[PDB]
RNA sequence: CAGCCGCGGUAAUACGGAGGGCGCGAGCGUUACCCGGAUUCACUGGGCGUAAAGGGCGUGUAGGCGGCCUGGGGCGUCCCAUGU
RNA sequence: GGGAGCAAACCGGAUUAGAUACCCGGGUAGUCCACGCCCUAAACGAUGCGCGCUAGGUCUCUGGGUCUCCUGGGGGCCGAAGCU
Ligand SMILES: [K+]
Ligand SMILES: [K+]
Ligand SMILES: [K+]
Ligand SMILES: [Mg+2]
Ligand SMILES: [Mg+2]
Ligand SMILES: [Mg+2]
Ligand SMILES: [Mg+2]
Ligand SMILES: [Mg+2]
Ligand SMILES: [Mg+2]
Ligand SMILES: [Mg+2]
Ligand SMILES: [Mg+2]
Ligand SMILES: [Mg+2]
Ligand SMILES: [Mg+2]
Ligand SMILES: [Mg+2]
Ligand SMILES: [Mg+2]
Ligand SMILES: [Mg+2]
Ligand SMILES: [Mg+2]
Ligand SMILES: [Mg+2]
Ligand SMILES: [Mg+2]
Ligand SMILES: [Mg+2]
Ligand SMILES: [Mg+2]
Ligand SMILES: [Mg+2]
Ligand SMILES: [Mg+2]
Ligand SMILES: [Mg+2]
Ligand SMILES: [Mg+2]
Ligand SMILES: [Mg+2]
Ligand SMILES: [Mg+2]
Ligand SMILES: [Mg+2]
């Protein structure tokens, strides 16, 4: 079935009469590896309990990625916050040339060969979040054809 | 079935507090009030009823919504008339959206309902036997139409899409479609199958809605035997 | 005054679609026509007609969109996802044939004007001539 | 030079069966039998979850450790591969496996990866007639990889060509056993190959 | 000790030692220096309401920039041939 | 030149540990005017000028028309799309 993969996990701190009130957050991808990917952000009192939750949110925000042989139809740039993500598609043997976040989203898309740049805020949450609405955006010689048709 | 020339009940509502998106469904503005072009209404009615029809005979269920006390009862009634949930008092913090749990209400309605009647009714103190009669009493108020609801509903039928829009907003986050009796004061866009004309004014809520029920029952398994709701039109006048 | 008509058309179009108008007047040039024309070929508008809007020539441009949507925000997909002017008054831009770019690793166009006329890239390419890059439309 | 140390202890490092020492890293003794856990004071103890790096790195050190080669030597044939046409990943392996100190381990002659080394080095092998004492020699396709009738008559040769009666040869070789020859037929292929390795991940380590 | 972050006031994985471990290997490490990362000078490719950033306003000179149709010329621009 | 009221500086009076200050009673320059200089600023919308485009609702100033509506010009609130 699915692979769970989890980018980051953090510690957000609250303030209170008498002192700190901690809490946790989790970033999760879920892949099939075949055009289906999931992004989860999972907060709650207990780390585990977080990833857990993340997971679940993951599988509900599903993105259906038109692959095409280890790689993408056509380049995109995408702009979430001032996280900017650059995706450009490559010949097999290329590799998953990204960093950190945007990798294990494509890795888990079942993408195999593609080129990425990040520009702007490095922040993962958004860099992931971008990467998504990046994918969410792609289209196919097919898909396009269909729009313009007369 | 279907009706014609209902200018004598409804035509259009609301002054110049419109929404320009609605714009198209307007005919012209008479004395600052807006006046819907029913003729278009008719086209949609079909396109729409066509949509009820099928989901009716599929087995499937509508959800009716008026928290408007301008039409609070017509709903209860026309929705009792089709074995189809209604919501009436007020819509609720995610009835569909948080359903799982808005449902855990109906659960501890039954639990309380038939824990009256007779058995062991009074094996417990009394500072707490008129407190429970209260928790239940309350569940009774708004959950009453939300009772026959067991899964998510396969439609939503609204009166004021603007007055309940926390209903509409909800539907879609879940992919459920939206029928509504939307008028000028509201956003056409976010309704899937639209009934142009009066958010307001019993006269028309009745006519329209009730017909919708004509249509749910008719095919499914029944016949056309005038509804006991024309009798709460004669109670405004 | 205008500064770039072309710009302005394109924009007027970028602007129109983005809120789902049916059809916008731009005021008319021959050039302007020739461009619109190509959008047709490639299906980016549904077409245009010459009209006279108070006695001064224009070009109603009947834009076109995808199908009503499913879920929150039933707002069509754009057909014209992107339109960007390229040559600009006081920044001109020229490609010769080996240079003509490839739009969305293939999915849209450039419009060039050549000594052989307003073409797409695949148009000018085949035809084997370069020129001024006007814009860039996927 | 090359490594020269506890090998059937890297058998152990990567955590995966590594063939280096022959009969023994074969016959319930290469420890992945007896203690699959990694060498050193912290062996049984649970490890925290490999860093995105670590992996990328291991998988390479694996591939290298495998063929008994130095990273300096290793990379050079990488660089070559990426520069070369067609799926880079493969050709790396392509070329790796085109190594003579391999072409010979492949072709039986000696048990082990390090043996075909010190067997090439000490002279006992030929290619097309000429002798070659260089492990690093890039065997093409056409090459008759031979024993030298000079050492030929040797204990360690007989033994090991005699164990090679009956057994089978990778598609891309013909171990003839009569004249102790052996051909090398066409460049092997990711598919043709054995390897306990994610070549696609080795690439990924050098995109650094 | 220390590249940065920051490590030592008697449980220091960060000081010194030892065992072991990782990387490389006739080398390996420090320094210095150049590109890179750095879309941090942004042509590709950045900004200026509160983060650094609209000139106190205006007039106006150089300069930059220019609405719609036709015609001539071919400086820009484009193509082919060719030399280098 | 002018100098009514104000009021830096300054004289006294309180006040506080001190009070070279907020409080008080006085008081010169200045503040006013002519003519010449100075060119500064939270000179602020802290937002450069222009032209085109892209839902609305409401309140206001001033204009035209077939006048509790329409159309033009300016100040102001909310708010579509969108931006951030
Ligand atoms: K910047
Ligand atoms: K000027
Ligand atoms: K005083
Ligand atoms: Mg930005
Ligand atoms: Mg930054
Ligand atoms: Mg990152
Ligand atoms: Mg290659
Ligand atoms: Mg040290
Ligand atoms: Mg200690
Ligand atoms: Mg310490
Ligand atoms: Mg250290
Ligand atoms: Mg130490
Ligand atoms: Mg740079
Ligand atoms: Mg500032
Ligand atoms: Mg200013
Ligand atoms: Mg300033
Ligand atoms: Mg001038
Ligand atoms: Mg011009
Ligand atoms: Mg001319
Ligand atoms: Mg001419
Ligand atoms: Mg010329
Ligand atoms: Mg004086
Ligand atoms: Mg005084
Ligand atoms: Mg005093
Ligand atoms: Mg008047
Ligand atoms: Mg105004
Ligand atoms: Mg206004
Ligand atoms: Mg908004």
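Protein chains in written order, with the deposited numbering: chain E, 5 to 154; chain B, 7 to 243; chain H, 1 to 138; chain D, 2 to 209. Note that CB positions come from ideal geometry on N, CA and C, so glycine has one too.
Candidates H:78, H:51, H:32, of which the one nearest residue 43 of chain H by Cα = H:78
How would you write the range of the beta strand (DSSP E) that residue 20 of chain E sits in, first residue to last?
-> 17-20
Under 9 Å from the C-beta of residue 66 of chain H: neighbouring residues of chain B | What residue 66 of chain H touches in chain B: nothing, since even the nearest Cβ is about 15 Å away.
Cut-off 8 Å between Cβ atoms - residues of its own chain near residue 37 of chain D, not counting five sequence neighbours on either side | 13, 16
By a C-beta neighbour count over all protein chains shown, 10 Å radius and 16 as the cutoff for buried, is residue 54 of chain D buried or exposed?
-> exposed
Quick one: Cα of residue 43 of chain E to Cα of residue 24 of chain E, how far?
-> 29 Å
Could you tell me which residues DSSP puts in a beta bridge with residue 85 of chain H?
-> H:135
Do you know offhand how far residue 95 of chain H's Cα is from residue 103 of chain D's?
-> 53 Å
Residue 40 of chain E to residue 55 of chain E, Cα distance in whole Å?
-> 19 Å
Of all the options B:206, B:219, B:190, which has the alpha carbon lying nearest to the alpha carbon of residue 38 of chain B?
-> B:190
First and last residue of the uninterrupted beta strand (DSSP E) at residue 233 of chain E = With chain E running from 5 to 154 in the structure shown, residue 233 of chain E is simply not present.
What's the C-alpha gap between residue 58 of chain E and residue 109 of chain H?
-> 41 Å
From B:203, B:42, B:155, B:23, pick the residue whose C-alpha is nearest to that of residue 109 of chain B; which is it?
-> B:155
State buried or exposed for residue 110 of chain D, treating a residue as buried only when at least 16 other CB atoms are found within 10 Å of its CB.
-> buried
Euclidean distance between Cα positions of residue 100 of chain D and residue 185 of chain D | 11 Å
Does the Cβ of residue 237 of chain B have 16 or more other Cβ atoms within 10 Å, making it buried, or fewer, making it exposed?
-> exposed
Helix or strand or just coil, what does DSSP make of residue 28 of chain B?
-> helix
Beta-carbon separation (whole angstroms), residue 15 of chain B vs residue 213 of chain B, contact threshold 8 Å | 5 Å
How about residue 105 of chain E: is its Cβ closer than 7 Å to a heavy atom in ligand 6?
-> yes
Span separating the alpha-carbon of residue 48 of chain B from that of residue 211 of chain B | 15 Å
Partner residues on chain H for residue 196 of chain B, Cβ-Cβ distance less than 7 Å = 74
Residue 218 of chain B beta carbon near ligand 4 (any heavy atom closer than 7 Å) = no
Is it a yes or a no for the region 63-71 of chain E touching the region 95-103 of chain E, going by three-plus beta-carbon pairs under 8 Å?
-> no
Any beta-carbon of chain B closer than 8 Å to the one on residue 70 of chain H?
-> yes
Close beta carbons around residue 112 of chain B, own chain, < 7 Å, minus the five adjacent residues each side = 149, 152, 153
If you measure beta-carbon to beta-carbon, which residues of the region 16-31 of chain E are closer than 7 Å to chain D?
-> none
Taking contact to mean at least 3 C-beta pairs separated by less than 8 Å, is the region 181-199 of chain B in contact with the region 20-39 of chain B?
-> yes
Would you please state the rounded distance, in angstroms, between the beta carbons of residue 23 of chain D and residue 113 of chain D? I believe it to be under 8 Å.
-> 4 Å
Which partner residues does residue 186 of chain B have in the DSSP bridge list?
-> B:164, B:200
Is there a Cβ from chain H that is less than 8 Å from the Cβ of residue 153 of chain E?
-> yes
To the nearest angstrom, report how far apart residue 225 of chain B and residue 92 of chain B are at their CA atoms.
-> 21 Å
Let me know the secondary structure DSSP gives residue 11 of chain H once reduced to three states.
-> helix
What residue does the alpha helix (DSSP H) around residue 46 of chain B start on, and which one ends it?
-> 44-63
Selection of the region 26-39 of chain B by Cβ proximity to chain H, strictly under 9 Å | none
Determine whether the Cβ of residue 93 of chain E lies closer than 8 Å to any Cβ atom of chain H.
-> yes
If you compare alpha carbons, which of B:13, B:161, B:147, B:81 is closest to residue 68 of chain B?
-> B:161
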